[PDB]
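Peer 1: Let's see this in three dimensions:
(chains A, B, C, D and E, ligands or ions: 9)
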Amino acid sequence: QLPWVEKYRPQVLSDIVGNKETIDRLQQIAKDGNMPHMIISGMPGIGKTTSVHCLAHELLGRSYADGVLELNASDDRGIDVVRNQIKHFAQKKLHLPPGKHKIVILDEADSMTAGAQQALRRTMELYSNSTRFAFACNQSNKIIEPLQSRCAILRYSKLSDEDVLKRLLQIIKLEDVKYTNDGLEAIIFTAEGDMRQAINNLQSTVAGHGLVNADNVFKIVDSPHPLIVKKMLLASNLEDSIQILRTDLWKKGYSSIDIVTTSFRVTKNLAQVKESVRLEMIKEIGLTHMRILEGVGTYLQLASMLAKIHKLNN
Amino acid sequence: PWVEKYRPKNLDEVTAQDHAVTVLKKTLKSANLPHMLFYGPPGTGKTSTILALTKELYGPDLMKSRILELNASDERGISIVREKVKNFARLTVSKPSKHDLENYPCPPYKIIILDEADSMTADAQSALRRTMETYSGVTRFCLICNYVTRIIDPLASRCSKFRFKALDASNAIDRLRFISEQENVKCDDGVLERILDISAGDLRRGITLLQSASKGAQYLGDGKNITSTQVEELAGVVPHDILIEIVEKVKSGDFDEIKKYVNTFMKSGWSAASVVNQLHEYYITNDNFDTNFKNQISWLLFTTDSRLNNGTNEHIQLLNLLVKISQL
Amino acid sequence: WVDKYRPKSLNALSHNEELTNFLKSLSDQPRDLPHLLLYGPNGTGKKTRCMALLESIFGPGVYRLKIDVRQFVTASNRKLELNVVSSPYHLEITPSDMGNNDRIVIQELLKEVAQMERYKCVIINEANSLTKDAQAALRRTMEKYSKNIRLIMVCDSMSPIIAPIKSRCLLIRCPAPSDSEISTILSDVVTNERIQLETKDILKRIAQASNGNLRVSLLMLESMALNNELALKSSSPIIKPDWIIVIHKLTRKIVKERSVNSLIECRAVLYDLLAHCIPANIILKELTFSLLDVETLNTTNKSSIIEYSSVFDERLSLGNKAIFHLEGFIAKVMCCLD
Amino acid sequence: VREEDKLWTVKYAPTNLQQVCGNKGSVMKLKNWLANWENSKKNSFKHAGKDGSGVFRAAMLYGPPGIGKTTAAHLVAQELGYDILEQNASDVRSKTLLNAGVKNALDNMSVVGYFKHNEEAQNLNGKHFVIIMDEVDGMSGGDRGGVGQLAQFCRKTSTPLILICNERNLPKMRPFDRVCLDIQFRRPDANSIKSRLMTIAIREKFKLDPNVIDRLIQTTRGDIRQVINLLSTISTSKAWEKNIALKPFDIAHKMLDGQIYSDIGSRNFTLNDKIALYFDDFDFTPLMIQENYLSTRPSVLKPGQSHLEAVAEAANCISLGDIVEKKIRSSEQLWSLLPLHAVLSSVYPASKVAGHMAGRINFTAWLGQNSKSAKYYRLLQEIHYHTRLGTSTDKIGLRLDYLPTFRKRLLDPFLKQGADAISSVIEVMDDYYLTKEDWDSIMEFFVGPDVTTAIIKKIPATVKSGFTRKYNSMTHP
Amino acid sequence: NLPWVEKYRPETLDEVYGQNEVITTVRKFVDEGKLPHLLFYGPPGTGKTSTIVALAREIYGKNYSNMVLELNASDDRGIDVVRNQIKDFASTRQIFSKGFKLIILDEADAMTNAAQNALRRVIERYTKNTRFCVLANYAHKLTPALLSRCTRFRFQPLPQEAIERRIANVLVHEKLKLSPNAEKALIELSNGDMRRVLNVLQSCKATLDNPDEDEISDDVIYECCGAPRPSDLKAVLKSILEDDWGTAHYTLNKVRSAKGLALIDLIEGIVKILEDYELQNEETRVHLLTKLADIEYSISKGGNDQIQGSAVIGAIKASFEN
Ligand SMILES: Nc1ncnc2c1ncn2[C@@H]1O[C@H](COP(=O)(O)OP(=O)(O)OP(O)(O)=S)[C@@H](O)[C@H]1O
Ligand SMILES: Nc1ncnc2c1ncn2[C@@H]1O[C@H](COP(=O)(O)OP(=O)(O)OP(O)(O)=S)[C@@H](O)[C@H]1O
Ligand SMILES: Nc1ncnc2c1ncn2[C@@H]1O[C@H](COP(=O)(O)OP(=O)(O)OP(O)(O)=S)[C@@H](O)[C@H]1O
Ligand SMILES: Nc1ncnc2c1ncn2[C@@H]1O[C@H](COP(=O)(O)OP(=O)(O)OP(O)(O)=S)[C@@H](O)[C@H]1O
Ligand SMILES: Nc1ncnc2c1ncn2[C@@H]1O[C@H](COP(=O)(O)OP(=O)(O)O)[C@@H](O)[C@H]1O
Ligand SMILES: [Mg+2]
Ligand SMILES: [Mg+2]
Ligand SMILES: [Mg+2]
Ligand SMILES: [Mg+2]
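Peer 2: Residues are numbered from 1 along each chain as shown, chains lettered A, B, ... in the order given. Ligands and ions are numbered 1, 2, ... in the order given. Next comes the structure:
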């Protein structure tokens, strides 16, 4: 077998779907070649690493194997590496087209020690005539302030719904899969922006149950069913909600964190109730979540959360 | 001092705490003692019981040979559990001489007593899981915690649970009478039970309060029985007369009078916020208020105590509590 | 000025004869001195009592002390330092400069001082800013070393101290000086400083307006003597510090005008007050008591004021950005008063 | 080799000492110290000439990142015609390696400086050394014994030794306490940076709105390299400043709109879209929402809830979101709490007090106030470290009580006694170990009716000169 | 000699109970030979470790000591460990190995985000020469990438039939008699963790083995577990709902003192009891749940015990007024 996320990974910059502004920025960068040092920040699985990889590929053409140094969390990045190997790579003579430059792609820059990030400063400041640096990070706060200021910051928003839907439809058309609209909406729901997780859940559903259907997705996700949680959060009499939470969710060994997270996610999408009541229900569920994370996970906390949600809905 | 010179070295001297310990008394002669987690209020006997058990089981030879006493004074990071705790959970048994087996049967396992595990990080507790599962046959673990909700549940599923009831406010008066008569201290009639109640939860606090009261009374050369006032003045609890003044002021009074009185109190009176406890006791044990009043009183007192728990200001919370209790 | 009239012995004390008698009693046992926990309002002179007790036990040379700096490495790779003022017989640890590393420094320093071998004294200032982990480490240190480290800790409102620590130490309190005794000390000061008083009513007036805080009373007497040319008459416009006047002007602006157009300037004044080394809790307490002092409000408004003040004081003690909670409290106050 | 393919920061680097924008005073101080270092060496570094800058061997540069410290140091060393022997973080500056490499060259001469030009009478310092230790703060864990060895290098040296760091008051930088002179580079003002950006823009044949330039200079928090690097992005025009550069402003503009939270608009813009709008920038959105949530004319008010109640509930939710953010930053592994924070600090107050913007969206100011509070707390901590020997108080009660009367005793004589009270003033200053800088710091911490920045300059400058020249003769410790 | 927790540990796939839905799947995976990376997650005391060790011993037989590497949580777990040990074990190919190795990471939810990123990159790199198996208690503290990379397996708690079968097998192989209500109270208090059951069984064995014939009554089980008996809960609730303030306070105090009861478990039992009452109104239930949750949250921080007890009594009383 073969993972779809690995098989259908975009190799050309145009195939990347998502942020429309920064992808066009990188398109013009590859068209010109004068790429500056850049940090790329954003939430996981929204197309950070693939973006910089495609950029380097399209920018260097046939010389990618000789003019690119990649360093992820697997490779050793301490003090000796940044002082010896990176410095000897930056000085390496290489005759490229007039606009191109050697590229150093540092993925998961957050794991790089601050003391290790110190050494990179003069190494990237001095040899900026034949070497450019591209950091890829989740949180741009763990990068030291000097490196934070030396390079251009590129933020990647979380994926919307129409973009993930378009990508999934492309994948289905290329793979000739049987599906339905409710299944795709369930994929969008369980993904919430993670293109990688969306594609993986799609492939797992197709491999396990063949047909992309709501019950199949909700049986392969191992998460509480969104319909039953919505019924819990929308029952008229409180005892019905308490009985639902007791018998249908608490007995089957679900983790309280998962229950609160699913309630949060379904309350976000309840497009039938008003907006203010949604915000207040989210506030209550979030207070209950903060209580849960502090060490107490008794059923009484979820019962009180449901009670307060009903008190608000009345 | 007195708190340590009359410390019980055997599990028989203790009389208030005899429920949880007994099972160990049944299994002391065997080598299959399960991993134990003591929990409860401080100053209960946990340290006393573990040291008495080590004295009755090991002896002076092996008291410090295969026992590792770790406290919050020692380094509580992952460094210790990696370097020394893991090394000591594996080390072999040491038998230096023959004067130990005469009075104490030595088991082939060992005991490590990791105290104050309440404030331990989750990663350190996951490491404790490994170091307890890998040497469960040759090494036994003793844990101490004041709050069970902080220590993670997978550990409590492995280690057996033991609670030490705070204190017995009925029979310990005889123990304190014995201590007083052997110390030849002349106290009043109704002071011993008062010393015990004001020191609720702890007994070490009780004996140290008795010691302080005696050492303060014997300075005057008065030769009279030390009354409850001298004890309540050293325990930090609020006197009863100023408490009656407070409750009369809050029973009938406007905002300005209450404000001025609490200003005077927080300025020159007893600077503690333990007056909430005294107010709760007085309002609960009283029989002159209806139920709908006592319900709101208990709720308001609980709210004020929960707010004071977070280390906030004393004056503002006390004034708010008294104003809200005056609104009824 | 004030430090020029600071007692240097228990006999030189001129206040709380009960307390000095009890300390003379306790100083009769230099070989066995239990741990002491002094608690009482600010400016009562607890540090004076402690240093006088030290001078009574040790030599009078305990007052000539030298400052020192000590830097150490933590479990991680951070090497941080603190400043301890030490004497030939005692040392004063003030775990306030460091934010969260209290436990490591207290553990290391106490364990290092407890291996010098007749004992040594460790004075812990601001014993309420100690994290519970640091407090537990201190209690275990007390449990281990008891023949070289006799702890004396001064603090105020000793609620954030766990009962495991209260049990071992002797609880001593220092009540604020009554207005009569404050007036007596002020009279002694103006006598030894030959200040031309027109009457003795100014002393009682200062004692009343000082709220039982001895040191601020002495210091405001100092501040007023340099504005009347050492001739204090009956017409004395009592001088308040700058921040108190700013807080009172803020209170008057809150009472007189109730709108967001004034809430903007209120936030500006809060920013200006905070950025000049002023805590949040002090601002909140002063603003609350000032708003309660105003005579135009009824009892319901005052009850709402004190309730919101309590809630936002808890939230200030739980949060980290004080401007948010202060602006929220003032907004709720303006809402209720509207 | 190409004029274009170089970055915009290296291509537009300063060349002289009149293009360095901001901090002219510190540059002139460094230049006048380096020029007179020769005569200071002649006098064995014991005669402090007219500035107290004749006894120090090493100069130390510090300040926020992106101001020109490295550029100023290099240009100052080059103008005098010296030879720059530079070592930085990328070199292993251990104790043994420093003793081997640099220590043997503290007093030697240069070969390249000799052979470059030695025949024409330009300047006699063409062959001397100027050792620049850049990023001394960057001494990581792999450089053992570096800070102490450099502190020892400060003394016993024979050539100008410039040092550069980013945080002077860091404990690791303590061994440089009094053994070297230290000047400070502040964040440049908006006028000089605006002039430099205008020069660059007209030089690159493109114009921008001055308001956009002001917003940029505000966002970058004074960093010049950062704003230049962000401006270089214009070539790759409202889309540029709308999407990439001025993103938090547009986030605040979209969130505070009144048409979104309406029933007609909410059906087109879901709540998930607003949470994504927050997630766009989760570092500046809470502060931006808190700064200007009370400067809009609302339109979503309830029938019976005025503006004040709405702003009060918004501030309550802001406080709750602040508590949630603190709980999050207590342990990063709880990033799952990030969406909840999203609704508390960001979405809820905006939805509560949405409407139409009255004026213009003002950038957040909490960062500058936090920096000012940190600086003043450092200064007060130093003052207490000095004065603790004779005050018997805590670091916070000092500012509360003692500072007003201290300011009175230290200044008010200068208002009524004229200038003969200096012998008394220093007397008080001799009792509390204070210095002239301590006097300035004490004079600084005052707000309200007792503002001193206006009053300080009213006294005659002759009194200041006399006080300074009289304090120089005595020393208390 | 060794404890029952270590003795009765299963050694084959047949000796696991109440997990057939996963056992058939792992048997399909072992007969197919296409065993991918696995994630086993669930509540403690369920059989994840036992199942994976039995599966490894079945697949590799005697080569288990060579091709199976077990790693636990925070074994000096910097990025350096994942860079050296796991990476060498994955990359290095044995001399006479056919197939792939197995690296089992026990309690691997205590890894930092950087450590989990290193692990996901490693598993991505050498996914052709070895397969991994990650064990977890909470599947919400793992990076979604590592979760998506492998196949999930949730371990639902042990049902009543499985635990009853296991305690029967333990009973027939030991010298103990068990009363009818004993197993009922056992299953009610254990909540479905086999480890706690095997611990408490040997505990009460060593506790009441005086004549080698005593019967384990519910008293000794409630003592060894440290849990209250439902009769005391009903009695204290009755006293609170019927008597006055002083008598109810004294009753609560004596019940929580003479037996050693924590307010947390007492509140759990009280709300469990109140869950099945026929309350006529609704506001009572809402106020009750809210106030009781607040009491539990406040107890979680260790306030003043008597104050929280009086607050519990006041909430229960003031809730039942309609
Ligand atoms: N916009 C996109 N279009 C198509 N595929 C995408 C997109 N974004 C993510 N993916 C898929 O997600 C997979 C995961 O790779 P990346 O997105 O590069 O991971 P990442 O963004 O670096 O997140 P990390 O590594 O956890 S910080 C890729 O192999 C793609 O198949
Ligand atoms: N049940 C008891 N009977 C007699 N003396 C006791 C008892 N409990 C405590 N003591 C006395 O108190 C001291 C022992 O108390 P500890 O065992 O330290 O209490 P503790 O609960 O272990 O406190 P911790 O756990 O360190 S917070 C000795 O001086 C004993 O004499
Ligand atoms: N005053 C200035 N005017 C114009 N450009 C400046 C100025 N200061 C810095 N720069 C720019 O910044 C580049 C050099 O950066 P520096 O500010 O010298 O670095 P730095 O001051 O050492 O700060 P670090 O190294 O990050 S701590 C120059 O080439 C310019 O592009
Ligand atoms: N399904 C089961 N069938 C039979 N015995 C079991 C079962 N689950 C657990 N046990 C017994 O309980 C012991 C503990 O099992 P473990 O596999 O260690 O539990 P676990 O799944 O690893 O949960 P942890 O380690 O606390 S996260 C085993 O050695 C068995 O004796
Ligand atoms: N008995 C006394 N006689 C004269 N002055 C006193 C007496 N007690 C206290 N003081 C004065 O009170 C001032 C403040 O006391 P201090 O211990 O500094 O308060 P804090 O505990 O707030 O630091 C001291 O400067 C001292 O001069
Ligand atoms: Mg990546
Ligand atoms: Mg103990
Ligand atoms: Mg630099
Ligand atoms: Mg396991």
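
Peer 1: Looking at chain C, what residue ends up closest to ligand 3?
Peer 2: Residue of chain C nearest ligand 3, by CB to the nearest ligand atom: residue C:78 (20.1 Å). C-beta here means a position set from N, CA and C on the backbone, and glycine is covered the same way.

Peer 1: if I look at that residue, how far off is residue A:3?
Peer 2: Distance of residue C:78 to residue A:3, given as CB to CB, to the nearest Å: 42 Å.

Peer 1: With residue E:88 instead?
Peer 2: Residue E:88 is 25 Å from residue A:3, by CB to CB.

Peer 1: Looking at these two, which is more packed in?
Peer 2: In terms of neighbours (other CB atoms under 10 Å in any protein chain shown), residue A:3 is the more surrounded of residue E:88 and residue A:3; the figures are 16 against 9.

Peer 1: OK, contacts around the more buried one?
Peer 2: Contact analysis of residue A:3 by CB atoms under 8 Å, 6 or more residues apart in numbering or on different chains lists A:200, A:203.

Peer 1: and the longest helix seen in chain E, what other elements does it pack with?
Peer 2: Longest among the helix segments of chain E by residue count, using DSSP state H, is helix E:283-299. Packing partners of helix E:283-299 (3 or more CB pairs under 8 Å, 6 or more residues apart in numbering or on different chains; DSSP states H and E): helix A:238-244, helix A:299-313, helix B:291-308, helix E:263-274, helix E:305-319.

Peer 1: Now do the SS call for the nearest residue to residue E:38 once chain neighbours are set aside.
Peer 2: Using CB to CB, 6 or more residues apart in numbering or on different chains and skipping the chain neighbours, the partner closest in space to residue E:38 is residue E:133 (4.5 Å). Secondary structure assignment for residue E:133 (DSSP: H, G, I helix; E, B strand; the rest coil): strand.

Peer 1: Confirm that residue B:310 sits in a helix.
Peer 2: No - per three-state DSSP, residue B:310 lies outside any helix segment and is coil.

Peer 1: for the stretch 351-477 of chain D, what spans make up the strands?
Peer 2: D:355-357 (DSSP state E, counting those that start in this stretch).

Peer 1: What segments of it are helices?
Peer 2: Using DSSP state H, counting those that start in this stretch, the helices found in the stretch 351-477 of chain D span residues D:366-387, D:397, D:403-411, D:413-416, D:422-431, D:436-444, D:461-471.

Peer 1: what about the longest one, near chain C?
Peer 2: This means helix D:366-387. Yes - contact of helix D:366-387 with chain C (CB under 8 Å from any CB of the partner chain) involves D:366, D:369, D:372, D:373, D:376, D:377, D:380, D:381, D:385.

Peer 1: Outside of that helix itself, which residues are in contact with it?
Peer 2: With CB under 8 Å, 6+ apart as the criterion, helix D:366-387 contacts C:67, C:83, C:97, C:271, C:274-277, C:321, C:323, D:169, D:221, D:287, D:290-291, D:395, D:398-399, D:432-434, D:438, D:441-442, D:444-445.

Peer 1: Check those for burial and list the buried ones.
Peer 2: Applying 16 or more other CB atoms under 10 Å in any protein chain shown to the contacts of helix D:366-387, the neighbour count classes C:83, C:271, C:274-277, C:321, C:323, D:221, D:287, D:290-291, D:395, D:398-399, D:432-434, D:438, D:441-442, D:444-445 as buried.

Peer 1: mind giving me the domain split of the chain?
Peer 2: All of this is about chain A. Here the domain parsing of chain A from curated CATH domains is A:1-159, A:160-223, A:224-314.

Peer 1: The chain in question should be chain C.
Peer 2: Taken from curated CATH domains, chain C resolves into C:2-173, C:179-232, C:242-337.

Peer 1: and the residue of the stretch 201-314 of chain A found nearest ligand 1, how many neighbours does it have?
Peer 2: Residue nearest to ligand 1 within the stretch 201-314 of chain A: residue A:203 (11.0 Å; CB to the nearest ligand atom). Counted with other CB under 10 Å, the neighbours of residue A:203 add up to 21.

Peer 1: buried stuff in stretch D:108-127?
Peer 2: For stretch D:108-127, using 16+ other CB under 10 Å, the buried residues are D:110, D:113, D:125, D:126, D:127.

Peer 1: near chain E, which residues of chain D?
Peer 2: Counting by CB under 8 Å from any CB, chain D sits next to chain E at D:332, D:333, D:336.

Peer 1: Now, of these, which are buried?
Peer 2: The buried subset of the residues of chain D next to chain E (16+ other CB under 10 Å) comprises residue D:336.

Peer 1: before we move on, back to that, among the contacts of helix D:366-387, which are in reach of ligand 1?
Peer 2: Contacts with ligand 1 are made by none of the contacts of helix D:366-387, judged by CB under 6 Å from any ligand atom.

Peer 1: Which helix or which strand is home to the closest residue to residue C:102 other than its chain neighbours?
Peer 2: Once flanking residues are discounted, residue C:102 sits nearest to residue C:134: 3.8 Å by CB to CB, 6+ apart. Following DSSP states H and E, one finds residue C:134 within helix C:132-144.

Peer 1: Contacts only, for residue 108.
Peer 2: Answering for chain A, as no chain was given. When contacts are counted by CB under 8 Å, 6+ apart, residue A:108 touches A:72, A:73, A:136, A:137, A:138, E:114, E:117.

Peer 1: Wait, chain C was what I had in mind.
Peer 2: Residue C:108 makes contacts with residue C:72, as judged by CB under 8 Å, 6+ apart.

Peer 1: Where does it sit, in terms of helix or strand?
Peer 2: Going by DSSP H and E, residue C:108 is in helix C:102-113.

Peer 1: Convert the C-alpha atoms of the next helix or strand along the chain from that helix to PDB, please.
Peer 2: For helix C:102-113, the following helix or strand on the C-terminal side (DSSP H and E) is strand C:120-124. The C-alpha trace of strand C:120-124 is given here as PDB (Å, rounded to 0.1, in the frame of the first residue of the first chain):
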ATOM      1  CA  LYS C 120      23.400  31.200  62.800                       C
ATOM      2  CA  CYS C 121      20.300  33.300  62.100                       C
ATOM      3  CA  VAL C 122      18.400  33.500  58.800                       C
ATOM      4  CA  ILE C 123      15.900  36.400  58.500                       C
ATOM      5  CA  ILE C 124      13.300  35.800  55.800                       C
END
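
Peer 1: before we move on, back to that, and the residue of the stretch 201-314 of chain A closest to ligand 1, what does it touch?
Peer 2: By CB under 8 Å, 6+ apart, the residues touching residue A:203 are A:3, A:4, A:5.

Peer 1: Just put these in CSV and tack on distance to ligand 4 and secondary structure.
Peer 2: Putting the contacts of residue A:203 into CSV (distance: CB to the nearest ligand atom, whole Å; DSSP: H, G, I helix; E, B strand; the rest coil) gives the following:
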residue, distance to ligand 4, secondary structure
A:3, 28, coil
A:4, 32, helix
A:5, 30, helix
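
Peer 1: just curious, which of those is nearest to ligand 6?
Peer 2: When the contacts of residue A:203 are ranked by distance to ligand 6 (CB to the ion), residue A:5 comes first, at 12.4 Å.

Peer 1: The closest one against residue A:201, yeah?
Peer 2: No - checked against CB atoms under 8 Å, the pair residue A:5 and residue A:201 is beyond contact range at 10.4 Å.

Peer 1: which neighbours do those two share?
Peer 2: Contacts common to residue A:5 and residue A:201, judged by CB under 8 Å, 6+ apart, are residue E:148.

Peer 1: so which of the helices and strands packed on helix E:283-299 gets nearest residue B:326?
Peer 2: Residue B:326 lies closest to helix B:291-308 among the helices and strands packed on helix E:283-299, at 10.7 Å (CB to CB).

Peer 1: what element comes up after the closest one heading to the C-terminus?
Peer 2: Once the chain leaves helix B:291-308, the next helix or strand it forms, by DSSP H and E, is helix B:314-326.

Peer 1: List the buried residues in that next one.
Peer 2: For helix B:314-326, by 16+ other CB under 10 Å, it's B:314-326.

Peer 1: Please apply the same query to stretch B:217-226.
Peer 2: Neighbour-count burial for stretch B:217-226 [16+ other CB under 10 Å]: B:217, B:226.

Peer 1: same check, this time on stretch D:30-50
Peer 2: Neighbour count says stretch D:30-50 has D:30, D:31, D:33, D:34, D:36, D:37, D:40 buried, by 16+ other CB under 10 Å.

Peer 1: No further questions, thank you.
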